[PDB]
Each structure stands twice: as structure tokens, then as C-alpha cells.
Amino acid sequence: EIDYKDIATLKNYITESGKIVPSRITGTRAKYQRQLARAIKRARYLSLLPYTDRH
Amino acid sequence: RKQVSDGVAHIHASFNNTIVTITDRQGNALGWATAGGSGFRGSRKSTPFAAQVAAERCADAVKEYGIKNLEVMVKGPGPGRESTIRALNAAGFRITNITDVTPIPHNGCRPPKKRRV
Amino acid sequence: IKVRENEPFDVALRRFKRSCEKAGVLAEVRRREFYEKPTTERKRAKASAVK
Amino acid sequence: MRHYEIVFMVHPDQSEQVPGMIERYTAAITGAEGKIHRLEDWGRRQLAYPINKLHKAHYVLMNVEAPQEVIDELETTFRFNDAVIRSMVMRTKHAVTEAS
Amino acid sequence: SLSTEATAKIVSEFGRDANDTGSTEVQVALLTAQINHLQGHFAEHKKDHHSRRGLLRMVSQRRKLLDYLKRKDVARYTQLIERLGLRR
RNA sequence: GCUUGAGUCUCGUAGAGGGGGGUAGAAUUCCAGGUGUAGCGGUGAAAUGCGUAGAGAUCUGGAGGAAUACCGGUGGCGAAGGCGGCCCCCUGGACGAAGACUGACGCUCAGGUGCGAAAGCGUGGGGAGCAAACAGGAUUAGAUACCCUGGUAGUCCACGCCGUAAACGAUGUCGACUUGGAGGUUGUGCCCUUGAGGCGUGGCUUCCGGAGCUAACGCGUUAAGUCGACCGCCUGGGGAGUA
């Protein structure tokens, strides 16, 4: 949430095809959905997570 | 001939036509069949029936290779595609993977205007 | 997306396609860049979602 | 003198030149009387997607407090150096020291 | 805006003491410091029309305070604009 | 003189606020090559178009430009126009907590000045997609259209101009007072936290409604209620926002 290197946590908050899950599903108050998404994107730049599942 | 024994069925369903291309795992095509090349030109080449007879006809014409396993890769939307993979396991193939590989832009190019019909 | 062959199956019946791509996402990117119709389509979509 | 978090991948085939580079980079920080708080060598880790194809690469996490000029020349060092692919330097978020 | 050390230095120069940080000379000098610093910023960029709106708020507010202090004590006015090098 | 208006300082918070620079991943097009073969594309149906000089499909490598899926939300920020990958640099504002300071420094504003979507214009670049004009095919009684296939300016960048929009909450700005309910978003204090805690206090915002107002429709503490300050504008339709 605040951190992007913990990709276990980030990998919970992402779907099976690399897409960020909405806060309508996972709860996650909007502040942490914003930190979350921004951390997911920083992780996708570092190739810690994938952008998609067809690379 | 050349006896590949595993391939990939790339089915390319669009709104107007489904085109099934059976290849190998390297990506070299072994034989194709379109819904529009199986009779029924026009409003009838975009139906699940036309796609399934296209897939039956693409299962023929790769008998020279002895394909038993194949992955299925599906592009585009269409009245095809679903029926298409059915026809493949109605033709003795062991269907291993079914991936959907529709190209989605990450807001890329501007799509065309159209259709004030 | 991908579903591996099961040891004893006839139909894979993957639902992977439905949860994401086919129905909405590709039919949406067939037609025009507006900025304008989406602001009102989303305005009346969120104004219709009411009790 | 503000805080920065540097990560950078290294080409796997030059992994043996990794700690040397680290030293040089850290030396450059101590050229400006800035201090380095953590430092991690994360090993050859599998990439989530290919880049020049090149799978599994060598990651180095840095977390340095420094003036911005040596960080800038550290960025240009990451530009020209063919060894390093994908650097990322970030925000203050004042000095951290922990693991992940 | 401005550095904490810079603001503290200007409060120490222009106030009666520190903690006298709302006096009219002090506010004028802080606005002046920021106006000059952003002269340096807007010589470059030049199409940062949003930041400039903040700058013209600083200019206008400095002007209001100089008008106040002019019609309250003119000796403080002349010493002030003498020291800050404004008025041209 | 004084602090209840206005402002300054301390500490934080959230943010697609602005400007400059870099980078990333999907996708479209093009080029070169491998496999492969008779169609592809398109439509209500067709044809023009592309295709045995090997298309379409498919795999590999490259180039280039633009936009930045998911998050994404009657969510946020901005005076308004508007602003959506990620990172750095320069920078504007807002809000909150306690305390200190100045001491009416305030409100509005004709002329004036600035900013101001899109299209357009000038000079120089760029040009993948899309696409006015244009061309062809259809449709039709006709079709200078809708539909199809192509497609140039333009859209993109730098600097200058223009100066407008259903530039719209069709609601000028600032301040005060006047029953409520359900939310959203961003601060924060207190109290067994002993949940998916409780109780308060601010900022912005959405929906519904009370009195009141309103021609009605509706507005309804973010007023179109009850008042005050200053500005802008109206005076039957057309002619005409024209000469």
C-alpha cells in the first residue's frame, strides 16, 4: 500500500491478468487505493509485477 | 510430412469473419481455413455455424502432420470463437490451453469515428 | 487467458474470457474519441445507479 | 541534502562487476558528504516480463541521502553505463532502514 | 514557497524581535524575497501561467501593505523601501 | 486604540494545479525476413479496395509517431479554460492543529491588464492513428449526405497570433442569518480499541427534502429563503447583433 517492494501484498491487490482491482471489490479506503495503484505502477516499471499476462 | 505432433490453433474471430490458422509451437502456419471460404459468403459468414465448419475444414488439411495436442489462441470478438473451439474437440484434438489474446491498447491509437446508421 | 489441460477432462470451460475483455472492453474501443459523450454516459450511468 | 531511493537492474552477464560498481557509486555519495542509509543486493531475480529479452536480472537497492547534484550525475552514470538497465530514483519520504 | 531558514532570517532582520512575524515590514520583506526568487524561476519557463498568478497575488499584496504603511507611518515607509531597494 | 474582518510565522496533510526533462508497457501502421495458401476486407445487402507479383492469418527483428487501458469513483485539483502511465527538477494554491505576531491593513470595481477549449492563422519541425476537403463504390427519384474504401490540411512539438463556445450550476463577487436526512472526500482531538470501536470538531463536495420563495417548473444552510455592499446587463418580435 505505502510500499511497492512488498509484492506479496501488491500481488493480492491485482487480478490474474495484471490489472489493478477496484476498491469497489476489495474495500481499501480511497487513499490506500491511490497509494496502492501508484505502487503497482512503480512495481510494473521494475518488472517486479507484470503489466499483463501476455508479455 | 514433418510430423509436428503439437501445434497452436490461432482462431481470429472478427465481427465479419472467423479465420482459423493451425500452426506449430514455433509459429509457422501449417494450414488455415476461413469462414468465408467455406461457401456462405456475406451475412452468413459471421455465424457460429460458419466458424465451426471453418474449424472442421481447418482440422482437415493438417492430417499430414499428426497433430494431437494443441493450444487455442483466440483473437477478437465475434459470433465465432466459442463454437470454433468446440469443433476442434469434435475433431479428435486434445485441447490443452485456451488463451484469449485480443489486442487491447493501453489507450493507444484513436479509433475511427463511425456509424451514424 | 491460459488454462492448462486437466488430467481427466472433456471440456475446459474457461471463464477467463468473461471476467475482463470480451464484452465491454473491445466493443468500447471500436468507435470515436470524444471526451464528451463519456462524461455524459458516465454521468447518467452514475445517475441511474440509484435507489 | 535530501533523501532518495535508488534501485537499478544490472545485466546478468556483468553480475560479477556488481559490488565494484556499488562501491564506486557509494564513493560518489561520500564525495559530497552525503550518507548512505541502507544498501541491498537482491541477487539475480526473475523478471516479470522480458526486456532486450534478457530474463532474470540483478537488482540493487540503495536509499541514499545526498545533495541533488551527485544524484543527478549518478543518473547520467546510469544513462551511459551499458551494464545497468532500468534505474529508478525516487522521493525523500525521510530516511528509511528496513528490509522487505 | 521559501526556506524555513530564509524566513527566519528575514523575521530576525526586519522584526522588533523573533516572534514578531506579522508586522508590516516583515510581511513586505518576505513577499519581496519570494518575488525576487521567482524572478529567477519565471525568467525560465515563461509559460507557467498558474504559478504566475500566485506571483501576481504576491505583488498585489505587497502593494496593499506598502499603501497601508505609507498612510500610517511614512518614516517606516521610507526606511523600508530604502532598505529593500524597491520603488525603482 | 482594540480584536471577533484581513494578513504573517511554526508543523503537517491530500491532490490529473502549472512549467521543463527523462523513461516504460500494451496497441495501430510501415519495413525486412520465415511458415503457408486462396481468399481478405466491408456491408442491411453489395461494390470500390487489397490478393497467386503470394494477401489475410501467423512468428521473428526493426523504425516511428501519438495516446497513456486496469486503478477510475455525481473521486480530486484549478479563478475559469482545463488537468489522467511512472520518475526527477523548478513552482502556485488550498486545508487542518496549537501558539505567536501585525493591527482594519477590508469588500466590490467602470476604463485598464492578464489568463482564456476547439477550430483557424504565421514561421520552423514532425506525421503512426484519425480525418474536414477530395476521389471512387453504393443508397436514392436525385444524394454535392447518412453507409463503405481510400485520403490531404489538421490533430502532435517550438515560438507568436486569434479571442471565441450550450466558455453552462444557461445562476457576478464578497459577507451575515435561517428546520433536517443519507452519502463521498480530506484533516484532527478525545475516550477499554478491548469490532466491521465510540464521541466530537473543521475544509470541499453529491442526492433528497422543510419553511420560505417562485408564473410554474423547481431552488432549498453550496438558496432561486431573509438582508447588506459594489459591479455587469435587460426593456415586444423581426430587421440585427446586421449595416
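Residues numbered from 1 in each chain as written, not as in the entry; some residues may be left out. Chains lettered and ligands numbered in written order. Part of a larger assembly, values for the part shown. Heavy atoms only, no water. Residues with missing side-chain atoms left out of burial classes, pairs and counts.

Determination of this PDB entry was carried out by cryo-EM to a resolution of 3.37 Å, according to the record.

Within the PDB entry, the label attached to chain C reads 30S ribosomal protein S21, and the organism entered is Escherichia coli. Listed in the archive, the entry goes by the title "Structure of the SmrB-bound E. coli disome - stalled 70S ribosome".

If you check the PDB entry, chain B appears there as 30S ribosomal protein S11 from Escherichia coli.

S.K.: I'd like to hear about the sheet that holds strand β4 (residues 69–75) of chain B, residue by residue, with values.
M.R.: Residues and elements named next belong to chain B. Here five strands make up an open sheet; going across it, the order is β3-β2-β1-β4-β5 and the pairing mixed. In the strand order of this sheet, the two ends are held by β3 (29–34) and β5 (94–100), each with one partner. Each strand axis lies, on average, 20 degrees off the axis of its neighbour in the sheet, ignoring direction. When β4 meets β5, the two strands line up parallel, connected through five bridges. The residue bridging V74 from the neighbouring strand is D100, located in β5. Lying over the sheet, helix α1 (residues 48–59) contacts β2 (18–24) and β3, oriented at roughly 150 degrees with respect to β3. (Pairing = 2+ DSSP bridges. Helix = DSSP H or I, 4+ residues; strand = E, 2+ residues; numbered from the N terminus. Axes fitted to C-alpha atoms, helices over the stretch in contact; angles between N-to-C directions. Contact = heavy atoms within 4.5 Å.)

S.K.: Summarise the packing of helix α1 (residues 18–30) of chain D against helix α2 (residues 68–80) of chain D; cite the residues concerned and give the values.
M.R.: Packed helices, taken two at a time, are described by the angle their axes make and the gap between the axes. Residues and elements named next belong to chain D. Packing of α1 against α2 leaves a shortest axis separation of 10 Å and a crossing angle of 155 degrees. In this view, α1 runs roughly antiparallel relative to α2, as classed from their interaxial angle. Here α1 and α2 pass one another in a crossing that is right-handed. For the pair formed by α1 and α2, the contact residues are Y25, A28 and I29 on the first element and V70, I71, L74, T77 and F78 on the second. For the contact of α1 with α2, the class distribution of residues is seven nonpolar, one polar and no charged. (Parallel < 35°, antiparallel > 145°, perpendicular 65-115°, else oblique. Left-handed = near helix turned anticlockwise from the far one by under 90°. Nonpolar A, V, L, I, M, F, W, Y, C, P; charged D, E, K, R; others polar.)

S.K.: Kindly report on the packing of aromatic side chains, identifying the contributing residues and their values.
M.R.: A full pass over the atoms with the stated rule returns six aromatic pairs over all chains. Seen from their ring centres, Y51 of chain A and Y49 of chain D are 5.6 Å apart, and the 50 degrees between their planes marks the pair as tilted. Within this pair, whereas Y51 of chain A is found in the segment after α3 (30–45), its partner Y49 of chain D is found in the loop between β3 (40–45) and β4 (57–61), the two belonging to separate chains. According to the relative accessible area criterion, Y49 of chain D is buried, its value standing at 5%. Arranged with centres 4.8 Å apart and planes meeting at 35 degrees, the rings of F8 of chain D and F78 of chain D form a pair that is tilted. One end of the pair, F8 of chain D, is in strand β1 (residues 2–10); the other, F78 of chain D, is in helix α2, and 70 residues separate them in sequence. Residue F8 of chain D is classed as buried on the basis of its relative accessible area, which comes to 1%. (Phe/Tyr/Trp six-rings, centres within 6.5 Å; stacked < 30°, edge-to-face > 60°. Buried < 20%, exposed > 50% of the residue type's maximum accessible area, 1.4 Å probe, protein only.)

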